[PDB]
Amino acid sequence: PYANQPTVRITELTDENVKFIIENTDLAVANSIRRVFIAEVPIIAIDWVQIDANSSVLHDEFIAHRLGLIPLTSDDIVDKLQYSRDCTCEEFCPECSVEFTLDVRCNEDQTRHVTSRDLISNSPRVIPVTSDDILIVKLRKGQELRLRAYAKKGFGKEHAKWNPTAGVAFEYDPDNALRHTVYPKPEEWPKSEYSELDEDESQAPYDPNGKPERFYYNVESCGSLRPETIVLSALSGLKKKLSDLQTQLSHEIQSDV
Amino acid sequence: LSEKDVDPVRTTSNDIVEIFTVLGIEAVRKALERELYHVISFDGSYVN
Amino acid sequence: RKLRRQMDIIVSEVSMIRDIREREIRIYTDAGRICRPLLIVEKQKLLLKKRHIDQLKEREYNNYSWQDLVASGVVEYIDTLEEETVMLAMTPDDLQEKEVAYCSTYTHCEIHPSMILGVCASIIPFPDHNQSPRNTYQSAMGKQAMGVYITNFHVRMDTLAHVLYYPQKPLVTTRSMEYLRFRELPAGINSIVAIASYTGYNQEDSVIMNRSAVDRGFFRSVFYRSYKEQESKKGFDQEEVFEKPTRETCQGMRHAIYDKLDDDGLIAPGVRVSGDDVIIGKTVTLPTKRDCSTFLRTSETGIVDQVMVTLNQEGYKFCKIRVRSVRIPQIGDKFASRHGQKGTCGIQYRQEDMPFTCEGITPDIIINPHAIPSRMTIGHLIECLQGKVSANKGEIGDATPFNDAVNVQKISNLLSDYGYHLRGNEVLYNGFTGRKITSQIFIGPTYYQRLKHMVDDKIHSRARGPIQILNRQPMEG
Amino acid sequence: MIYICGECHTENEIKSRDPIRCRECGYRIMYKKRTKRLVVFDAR
Amino acid sequence: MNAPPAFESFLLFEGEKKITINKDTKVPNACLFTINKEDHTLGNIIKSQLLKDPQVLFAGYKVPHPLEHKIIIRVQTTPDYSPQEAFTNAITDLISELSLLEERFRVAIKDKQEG
Amino acid sequence: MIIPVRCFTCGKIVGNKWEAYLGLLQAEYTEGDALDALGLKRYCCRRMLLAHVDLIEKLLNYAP
Amino acid sequence: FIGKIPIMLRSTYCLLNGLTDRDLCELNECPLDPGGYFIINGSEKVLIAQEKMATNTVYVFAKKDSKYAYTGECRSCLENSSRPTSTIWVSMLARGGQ
Amino acid sequence: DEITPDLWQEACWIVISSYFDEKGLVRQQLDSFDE
Amino acid sequence: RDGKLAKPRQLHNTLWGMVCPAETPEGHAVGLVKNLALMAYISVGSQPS
Amino acid sequence: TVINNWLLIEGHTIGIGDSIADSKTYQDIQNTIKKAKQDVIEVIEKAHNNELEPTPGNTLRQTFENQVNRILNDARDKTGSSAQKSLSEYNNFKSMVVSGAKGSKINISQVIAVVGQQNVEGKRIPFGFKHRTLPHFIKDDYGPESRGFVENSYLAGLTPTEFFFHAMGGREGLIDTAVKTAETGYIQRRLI
Amino acid sequence: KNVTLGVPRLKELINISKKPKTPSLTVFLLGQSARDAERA
Amino acid sequence: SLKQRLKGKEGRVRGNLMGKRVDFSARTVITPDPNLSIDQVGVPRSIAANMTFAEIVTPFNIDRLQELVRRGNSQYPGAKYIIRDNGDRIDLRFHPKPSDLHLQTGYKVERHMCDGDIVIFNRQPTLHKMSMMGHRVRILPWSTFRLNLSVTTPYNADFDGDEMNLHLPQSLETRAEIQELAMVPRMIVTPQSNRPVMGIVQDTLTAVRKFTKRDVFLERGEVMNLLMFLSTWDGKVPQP
Ligand SMILES: [Mg+2]
Ligand SMILES: [Zn+2]
Ligand SMILES: [Zn+2]
Ligand SMILES: [Zn+2]
């Protein structure tokens with residue numbers, strides 16, 4: 001009738017990905033965690049661009065599109081940063097956004113690569129992750145790109161640019177003991193990297209009393225957050241979603257009575 | 001139809017004009033039913 | 001025949017036909033005869049030898065070209081009339097090789113049987129694995145796809161132009177595509193397409209698109225509309241000029257804002273426009289001066305891309321205004337593969353909602369399995385399987401139609417070497433619940449095309465609109 | 001009111017009344033200069 | 001032209017209730033919870049936690065329409081247990097589990113980083 | 001026209017790999033070997049560089 | 001002077017004839033552009049090939065509806081002169097007539 | 001000497017490639033107008 | 001008049017290698033609008049002298 | 001709504017694996033097609049040697065074409081049934097056919113076993129060339145390959161001649177569709 | 001044998017014409033010829 | 001001449017009496033929506049916000065129609081016009097001043113199309129009765145018309161670029177005509193062949209075949225999920 005007592009076993013922890021296993025958990029909790037990784041972990045991304053000059057071969061909202069998709073370092077600044085909607089400023093201020101500036105002019109016969117290294121922020125905490133660098137546009141001689149942009153808080157549920165993950169590998173029951181997937185020919189299917197079966201064996205014996213548990217994760221980070229920071233933010237974000245719902249539920253129950 | 005040893009009852013034609021001038025308007029009404037039914041039911045379709 | 005092959009007196013395009021039964025030799029030199037090059041076969045052997053191929057390999061820095069093959073008498077053009085007297089071998093390696101003597105008098109050989117196809121049918125991958133009408137449908141859809149129609153599209157000012165943000169060359173391609181420059185100017189994107197019934201929103205030739213992929217520029221495109229207006233001084237009384245109308249100067253002006261217009265009557269580039277805005281301010285002098293400015297359609301909402309001012313052929317000052325409008329894929333937009341599988345986007349799901357593999361890969365597009373069985377577009381399934389091997393192998397797949405070196409079994413065996421099910425099926429997990437789907441879903445990269453048909457270009461409503469004065473009946477306003 | 005020549009890309013201020021033509025190039029195709037007004041793009 | 005803002009999926013507009021409880025008259029001790037601006041992330045986790053309760057006879061959720069952002073959770077409990085009480089206990093258990101997961105993931109990070 | 005910043009399928013960064021990818025190919029790497037050297041494991045990301053057409057290069061051949 | 005002939009682009013009489021790909025880019029022309037069309041009042045016009053029966057060839061056809069059992073026609077045209085083509089029929093009258 | 005079957009596929013597409021290096025795809029339109 | 005006598009919409013045997021067998025508009029123009037095969041060539045004509 | 005949400009668990013797909021058949025099934029299909037070709041060859045020899053007796057109501061040519069067509073029609077049915085029997089319960093081509101949702105038995109057989117005979121105006125591919133269907137055959141070649149019998153499946157792919165004859169047969173369907181669109185509602189507006 | 005069917009046959013009926021495309025009869029035999037092939 | 005005006009397919013008698021353009025009609029692409037009822041059509045907000053229905057002001061709806069007038073064209077759902085007892089039309093968006101916008105019985109408020117509004121939905125060519133069926137409007141947030149997958153068969157419609165016409169009846173008498181004669185459920189069985197005209201289709205038909213197999217077993221959690229989508233469910237979980 002009460003909560004699970006899940007356990008965590010981290011298998012790999014690099015600057016790019018974190019591989020971990022969660023045990024003694026329900027499938028719904030395991031899945032909701034991976035959905036939060038993608039859709040509900042806030043990071044900082046450019047969501048406002050004014051282009052003062054753009055002589056390049058790419059139109060204005062092509063450049064703006066590419067700017068928004070550039071990952072910015074938002075590990076610790078994101079927590080203390082506010083949402084522009086929640087912030088009381090006049091649509092932008094240091095407490096809810098980070099200003100960026102790009103001013104590149106090409107005056108050489110060699111093609112000028114406008115990369116994320118040219119993106120300059122007023123906040124040292126929030127900088128492009130690459131600073132190889134991400135190419136924004138290539139400039140011919142005589143072409144210039146001058147713009148100022150603001151990076152604000154958001155999560156992947158609003159736009160894919162606020163998704164902090166570069167791929168969330170999720171798995172459970174690698175040997176298919178639960179028979180949640182039925183192979184017409186189990187022998188044709190490669191073994192999972194987490195499989196614990198012999199070479200001859202193709203499926204684990206059916207476990208009628210089994211339940212989905214021991215979920216395997218591999219959270220790969222785009223760069224905005226550390227892969228461990230994504231998981232920790234996801235757990236606190238999912239917890240905050242439920243605590244907020246409980247607070248609203250309590251008032252509704254009181255109003256009903 | 002007048003030919004000997006030829007069924008003067010079941011023998012018919014798919015030409016409505018020939019039926020009209022030989023048997024009559026009511027025969028055409030029945031023949032037109034059968035021609036209209038035959039084309040409709042050729043592919044297995046059914047119409048009330 | 002000898003003279004033509006030596007190009008002495010008889011040019012290559014001259015066709016000589018002998019009707020042995022009718023005792024007639026017909027020589028045709030006129031224009032309008034359709035012919036194709038065929039390899040000459042003598043004594044059950046190709047006159048084309050390794051030495052000819054070696055010289056062609058060094059085509060540049062050698063001056064050896066196609067014309068030397070014709071001059072050498074190794075290949076010649078055959079028109080339809082002459083083709084009736086020609087005993088043609090489909091391939092040299094099989095037809096004129098020693099075997100059961102079906103025919104020992106071959107006179108010509110095909111260079112490749114896949115040259116029977118035209119430009120649009122030559123991009124279809126594995127067209128010999130599709131039902132023929134579906135190859136015909138794709139040839140129609142290929143001409144409506146989006147891409148980069150021409151490299152210098154910025155200089156051009158066309159009434160309508162669609163440019164894809166991120167055109168990709170197909171992962172699975174045909175040898176003929178090298179000559180269509182489809183690689184240089186591709187029209188489409190390689191999409192991770194899952195053939196599954198996910199939530200019922202891909203039924204009846206509909207498509208489920210990944211919203212996160214769309215957010216990243218997946219099948220994003222530009223739409224350029226160019227408007228031309230010229231001012232004519234014909235008629236002494238009336239003299240129309242470009243300038244933003246003013247209330248005091250002009251007797252009658254609409255309540256539309258003219259702030260967008262410059263002092264020359266032309267909106268400047270880089271300005272948002274909508275239906276209520278005026279792009280060209282043209283005023284005609286009365287016999288105060290009446291205004292005849294041009295307005296945009298309510299549907300259009302873009303940014304002025306370019307404004308050029310010139311004198312037309314007639315010598316009248318006229319301006320072309322190009323409006324730029326970014327079209328993000330949405331529900332109702334038509335998408336098609338290269339196999340006649342055309343469909344609108346039924347719904348878009350974010351990456352968390354989409355079904356995912358063990359690696360975390362979610363399909364960009366999900367198509368209904370019921371589209372395949374009736375259409376029998378097995379080439380679509382083979383392209384996805386070949387494309388999966390291509391993306392993993394790092395090699396562009398070859399989908400030339402009549403290639404015996406490629407078959408599903410060979411492609412399947414390759415897919416096994418990369419830790420995938422040999423038939424391209426994968427175990428997908430439900431995005432909503434995370435539970436494994438009982439059936440393993442066919443998923444892999446397939447080249448999809450965004451078609452010019454957008455829903456915004458089509459949606460239109462009428463409710464007590466501008467009837468006609470004469471007929472008192474509805475009309476467009 | 002600056003117009004950019006299509007041939008030499010010379011910026012030249014042109015009045016409404018005077019003929020449209022490059023001052024030094026003589027070219028007859030002129031492009032308006034980009035508006036000085038600011039337009040906001042959301043990087044979406 | 002009809003595209004809705006991306007934030008409409010998680011931001012309540014003025015005068016919108018996050019959660020509303022309606023009694024299900026078909027069966028006793030049943031309630032329908034209409035939660036606005038929520039999706040399968042909270043519907044599935046809440047519903048699964050409810051099923052672990054032996055006093056919850058029925059627990060299910062649904063998104064009536066993918067283009068809309070409401071989840072309806074139906075909970076039927078035993079006569080001595082309230083559907084609202086089951087819902088609150090379900091959330092506390094999830095918060096307890098998530099809090100425990102945070103602590104243990106933090107410990108694991110220290111272990112892996114330490115060596 | 002230009003390399004996308006993110007892989008469409010997963011959102012992995014791909015915009016800083018086109019120049020390296022071209023450099024690796026100039027180093028006689030096979031296309032598959034170059035992609036492996038660049039960290040592109042998922043075939044969705046390999047698709048991004050294996051099927052990219054860099055039209056921005058020829059667009060720069062036209063004087064502004 | 002007797003008139004002006006519209007010129008098919010990238011043909012021997014087009015200004016973009018023999019120009020290298022770099023030269024075409026200098027003229028704001030796409031090197032991949034194949035040409036083969038006309039610019040008529042700024043509109044790029046393509047001439048669609050028109051399929052027609054070969055001339056100077058004797059063709060014997062049969063028409064059931066007509067009164068001739070067989071008809072051997074021959075559309076005769078000169079060797080690049082008198083564009084109009086004169087057709088001669090040699091028809092055998094049908095045997096239906098009693 | 002002779003093109004063997006193991007080399008035919010490479011050989012035939014070298015012939016095809018040379019053909020489009022010389023003619024292109026709109027050679028009919030341009031040749032007709034030049035005449 | 002000529003097209004009436006014999007139907008040209010059908011794909012004739014002789015189109016092989018000359019006209020694409022797959023490319024043809026759907027609708028009223030099926031089989032009437034055609035496309036050259038890639039290596040198809042139309043003769044420009046020369047004098048028979 | 002109820003089954004669209006259970007299908008989220010069960011799932012339904014279609015792929016290359018559903019278009020394959022057993023090596024034994026492929027051998028059986030090949031034997032049937034190999035024998036069917038030999039049967040047509042024997043019928044040709046009888047006609048060539050003037051040993052073919054026309055049936056009542058038909059000329060010698062109609063008799064030969066009827067005999068050849070039934071042999072090839074039987075071969076397609078024999079191979080089509082064989083391919084269907086090889087399908088497993090899990091096969092997704094069969095699941096859509098069995099439920100009636102999409103496809104038919106003929107679609108499965110064409111994908112797996114044999115596309116079959118291509119017909120133009122109800123007859124085999126005509127001798128559009130002089131006594132030939134294509135320049136790649138000998139004159140007066142009435143064998144299945146010459147006259148438009150596709151011995152391959154869509155999975156195996158068609159040969160260049162089969163591809164063209166299948167295009168010829170498929171053009172007939174395209175023309176008929178256009179006519180029906182033109183005729184759509186013509187009778188209705190006359191009756192009304 | 002072959003007779004008109006589908007729309008063209010449907011067209012003929014509503015468009016009653018003195019000359020159908022494929023006029024034909026269906027003669028039935030009432031004597032021993034009906035069951036005797038030689039007599040038929 | 002006068003004779004020319006009448007002659008031709010586009011003449012007054014044929015081109016302007018038998019057929020003619022009509023107000024209050026919409027057309028866009030159709031996309032699937034398995035979440036709608038068969039008798040329900042999803043409508044874009046722009047189409048709904050553009051097409052209006054004239055509601056006669058009554059004490060039953062005096063306040064409700066008053067709010068729509070206040071909201072106006074700016075906010076959807078609102079209203080476009082007010083028709084007084086005089087029959088004169090007032091354009092709301094021009095002047096939203098509530099003083100001039102007081103309503104009273106007998107006034108007609110042309111409110112925007114809202115959920116539950118009856119419309120005639122048509123796919124061309126209109127070959128039989130089931131080609132023009134009545135639907136209940138359901139506003140949805142994108143730019144397409146939505147159709148239940150079952151009604152695609154009577155319409156002969158596919159979701160590969162098909163477009164369908166929406167006609168909005170403009171009065172209570174004609175609205176009641178569609179409700180009682182032309183709604184989709186009343187069209188389920190056709191008199192043409194005395195059999196149903198629409199049935200279960202691709203995914204639901206393929207899945208119901210699998211679902212009904214003898215060896216399909218559902219766990220407690222799965223059954224409770226399927227019961228959430230059974231609108232007619234009485235609330236009692238059956239004995240397993
Ligand atoms: Mg359609
Ligand atoms: Zn602020
Ligand atoms: Zn100049
Ligand atoms: Zn990726």
Side-chain angles (χ1 to χ4, degrees), chain C residues 15 17 34-48 75-117 127-128 132 400-404, chain H residues 5 8-9 12 15-16, chain I residues 11-22 37-40, chain J residues 37 40-41 44 115 117-118 120 124-152 157-169:
Chain C
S15 60
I17 299 90
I34 200 163
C35 52
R36 64 211 193 90
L38 291 175
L39 301 166
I40 291 156
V41 168
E42 278 181 354
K43 275 80 77 175
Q44 291 285 102
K45 269 156 75 210
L46 278 178
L47 302 191
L48 184 83
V75 63
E76 66 179 345
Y77 296 93
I78 300 297
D79 66 346
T80 310
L81 269 173
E82 189 167 7
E83 212 176 5
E84 270 202 347
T85 70
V86 172
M87 193 58 234
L88 193 45
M90 198 63 74
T91 43
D93 309 324
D94 180 75
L95 281 293
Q96 63 205 48
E97 277 286 85
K98 303 291 285 185
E99 66 203 28
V100 167
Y102 171 73
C103 182
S104 311
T105 58
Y106 289 111
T107 61
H108 284 90
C109 189
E110 300 277 348
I111 306 161
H112 198 267
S114 85
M115 305 321 281
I116 65 172
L117 302 169
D128 50 317
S132 59
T400 313
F402 319 110
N403 182 7
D404 290 5
Chain H
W8 172 240
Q9 201 59 15
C12 82
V15 170
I16 291 165
Chain I
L11 191 77
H12 199 260
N13 276 119
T14 47
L15 297 186
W16 168 280
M18 309 303 188
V19 176
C20 181
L38 288 185
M39 292 207 298
Chain J
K37 281 187 178 178
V40 169
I41 286 161
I44 280 155
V115 172
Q117 171 63 52
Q118 306 300 306
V120 168
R124 303 203 287 167
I125 297 298
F127 287 165
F129 291 84
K130 187 165 160 59
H131 311 306
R132 299 191 292 177
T133 55
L134 287 168
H136 311 263
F137 303 105
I138 52 160
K139 277 175 163 180
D140 310 303
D141 199 351
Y142 291 89
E145 308 107 309
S146 170
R147 305 301 312 279
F149 179 73
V150 182
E151 66 182 1
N152 304 293
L158 311 198
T159 68
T161 52
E162 293 171 5
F163 177 90
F164 192 84
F165 295 153
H166 183 37
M168 285 174 68

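All heavy atoms count here, side chains included; hydrogens, waters and symmetry mates do not. Every chain is numbered from 1 and lettered A, B, ... according to where its sequence line falls, protein lines coming before strand lines.
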*Asks:* I need the minimum non-hydrogen distance between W8(H) and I111(C), along with the two atoms involved.
*Replies:*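 So the two residues come closest at CZ2-O, 3.7 Å.
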*Asks:* Kindly indicate whether the side chain of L47(C), heavy atoms from C-beta on, has any atom under 4.5 Å from the side chain of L39(C).
*Replies:*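 Counting from C-beta outward, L47(C) and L39(C) never come under 4.5 Å.
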*Asks:* Under the side chain to side chain donor-acceptor pair (under 3.5 Å) rule, collect the residues that match up with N403(C), sequence neighbours excluded.
*Replies:*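 Side chain to side chain donor-acceptor pair (under 3.5 Å) check on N403(C) returns nothing, list empty.
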*Asks:* Considering only heavy atoms from C-beta outward, does the side chain of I16(H) approach that of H112(C) to under 4.5 Å?
*Replies:*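 Yes. Closest side-chain heavy atoms under 4.5 Å.
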*Asks:* State which residues pass side chain to side chain contact (heavy atoms under 4.5 Å, CB included) with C20(I); sequence neighbours excluded, sorted by chain then number.
*Replies:*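 For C20(I), the residues satisfying side chain to side chain contact (heavy atoms under 4.5 Å, CB included) (neighbours in sequence not counted) are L117(C), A121(C), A22(I), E23(I).
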*Asks:* Working to the nearest 0.5 Å, report the span between NE2 of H108(C) and CG of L46(C).
*Replies:*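 Rounded to the nearest 0.5 Å, the NE2-CG separation comes to 11.0 Å.
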*Asks:* On a heavy-atom basis, which atom in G128(J) and which in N13(I) lie closest, and how many Å separate them?
*Replies:*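 Between these two residues, the closest heavy atoms are N-OD1, 3.0 Å.
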*Asks:* I want to check something: taking the side chain as every heavy atom from C-beta on, are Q118(J) and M168(J) in contact at a cut-off of under 4.5 Å?
*Replies:*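 Not in contact.
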*Asks:* Checking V15(H) against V75(C) for the side-chain contact (heavy atoms from CB on, under 4.5 Å) test, could you report, in this order, the C-alpha distance in whole Å, the side-chain angles of both residues, the deciding distance, and whether it holds?
*Replies:* CA-CA 10 Å; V15(H) 170; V75(C) 63; 5.9 Å; no
*Asks:* List in chain and number order the residues that pass side chain to side chain donor-acceptor pair (under 3.5 Å) with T14(I), two or more places apart in sequence or in another chain; answer none if no residue qualifies.
*Replies:*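 Partners of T14(I) by the side chain to side chain donor-acceptor pair (under 3.5 Å) criterion, ordered by chain and then number, come out as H12(I).
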*Asks:* Please name all residues satisfying ring pair (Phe, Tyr, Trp, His ring centres under 6.0 Å) with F137(J), sequence neighbours left out, ordered by chain then number.
*Replies:*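 With neighbours one apart ignored, the set is empty.
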*Asks:* Side chain of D128(C), backbone of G157(J): donor and acceptor closer than 3.5 Å?
*Replies:*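 Looks like no, no N/O pair under 3.5 Å.
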*Asks:* If the condition is ring pair (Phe, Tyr, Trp, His ring centres under 6.0 Å), which residues does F164(J) pass it with, not counting sequence neighbours?
*Replies:*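 Per chain and number, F164(J) pairs via ring pair (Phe, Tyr, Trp, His ring centres under 6.0 Å) with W16(I).
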*Asks:* Quick one: list whatever passes ring pair (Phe, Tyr, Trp, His ring centres under 6.0 Å) with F129(J), sequence neighbours left out.
*Replies:*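 Here no residue qualifies.
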*Asks:* Do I125(J) and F149(J) come within less than 4.5 Å of each other through their side chains, counting heavy atoms only?
*Replies:*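 Of all side-chain heavy-atom pairs linking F149(J) with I125(J), none is under 4.5 Å.
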*Asks:* Return all side-chain donor-acceptor pairs below 3.5 angstrom for residues 81-105 of chain C, not counting sequence neighbours, or 'none' if the list is empty.
*Replies:*
residue, atom, partner, partner atom, Å
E82(C), OE1, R4(C), NH1, 3.0
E82(C), OE2, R4(C), NH1, 3.3
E82(C), OE2, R4(C), NH2, 3.0
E83(C), OE2, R36(C), NE, 3.2
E83(C), OE2, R36(C), NH2, 2.9
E84(C), OE2, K130(J), N, 3.2
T85(C), OG1, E82(C), O, 2.9
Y102(C), OH, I138(J), N, 3.0
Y102(C), OH, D141(J), OD2, 2.5

*Asks:* When you measure from the side chain of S114(C) to the backbone of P401(C), do you find a donor-acceptor pair of N or O atoms at a distance under 3.5 Å?
*Replies:*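 No, the answer is negative, given that no donor and acceptor are paired below the 3.5 Å cut-off.
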*Asks:* A quick test of your reading: do over 12 heavy atoms of other residues, nucleotides or ligands sit less than 6.0 Å from CG of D404(C)?
*Replies:*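 Check fails, neighbour count at 12 or below.
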*Asks:* Suppose we screen for side chain to side chain donor-acceptor pair (under 3.5 Å). Which residues come up paired with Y106(C), at least two apart in sequence or across chains?
*Replies:*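 With sequence neighbours excluded, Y106(C) shows a side chain to side chain donor-acceptor pair (under 3.5 Å) to no residue whatsoever.
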*Asks:* How far apart are the closest heavy atoms of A167(J) and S132(C), and which atoms are they?
*Replies:*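 Nearest heavy atoms, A167(J) then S132(C): CA-CB, 3.8 Å.
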*Asks:* Taking C-beta and beyond as the side chain, do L38(C) and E110(C) meet within less than 4.5 Å on heavy atoms?
*Replies:*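 Counting from C-beta outward, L38(C) and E110(C) do come under 4.5 Å.
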*Asks:* Atom CG in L38(I), atom CE in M115(C): separation rounded to 0.5 Å?
*Replies:*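 The CE atom of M115(C) is 4.5 Å from CG of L38(I), to the nearest 0.5 Å.
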*Asks:* Taking the side chain as every heavy atom from C-beta outward, state whether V120(J) and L11(I) have any atom pair closer than 4.5 Å.
*Replies:*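 Of all side-chain heavy-atom pairs linking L11(I) with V120(J), none is under 4.5 Å.
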*Asks:* Output the distance between atom CG (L15(I)) and atom OG1 (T80(C)), rounded to the nearest 0.5 Å.
*Replies:*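 Here the rounded value is 8.0 Å.
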*Asks:* Please report the interatomic distance CE(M39(I)) to SG(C35(C)), rounded to the nearest 0.5 Å.
*Replies:*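 Going from the CE atom of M39(I) to the SG atom of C35(C) covers 11.0 Å.
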*Asks:* What pair of heavy atoms forms the shortest contact from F163(J) to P21(I), and how long is it?
*Replies:*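 Smallest heavy-atom distance, with atoms named: CE2-CG, 4.0 Å.
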*Asks:* Please name all residues satisfying side chain to side chain contact (heavy atoms under 4.5 Å, CB included) with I44(J), sequence neighbours left out, ordered by chain then number.
*Replies:*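 If we apply the side chain to side chain contact (heavy atoms under 4.5 Å, CB included) test to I44(J), skipping adjacent residues, the hits are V40(J), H48(J), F64(J), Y142(J).
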*Asks:* Is any side-chain heavy atom of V41(C) less than 4.5 Å from a side-chain heavy atom of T107(C)?
*Replies:*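 Of all side-chain heavy-atom pairs linking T107(C) with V41(C), none is under 4.5 Å.
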*Asks:* Show the nearest heavy-atom pair for residues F402(C) and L158(J), with the distance to one decimal.
*Replies:*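 Smallest heavy-atom distance, with atoms named: CD2-O, 3.4 Å.
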*Asks:* In chain order, what residues pass the side chain to side chain donor-acceptor pair (under 3.5 Å) check against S146(J), with sequence neighbours excluded?
*Replies:*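 So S146(J) forms no side chain to side chain donor-acceptor pair (under 3.5 Å) with any residue.
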*Asks:* Evaluate the criterion side-chain contact (heavy atoms from CB on, under 4.5 Å) for residue pair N152(J) and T159(J); output intermediate values, then yes/no.
*Replies:* CA-CA 8 Å; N152(J) 304 293; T159(J) 68; 3.7 Å; yes
*Asks:* Compare all side-chain heavy atoms of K37(J) with those of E145(J) and state whether any distance is below 4.5 angstrom.
*Replies:*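 Result yes, sub-4.5 Å side-chain heavy-atom pair found.
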*Asks:* Of all the heavy-atom pairs spanning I34(C) and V19(I), show the shortest one and how long it is.
*Replies:*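 Scanning both residues completely, I find the closest heavy atoms to be CD1-CG2, 4.5 Å.
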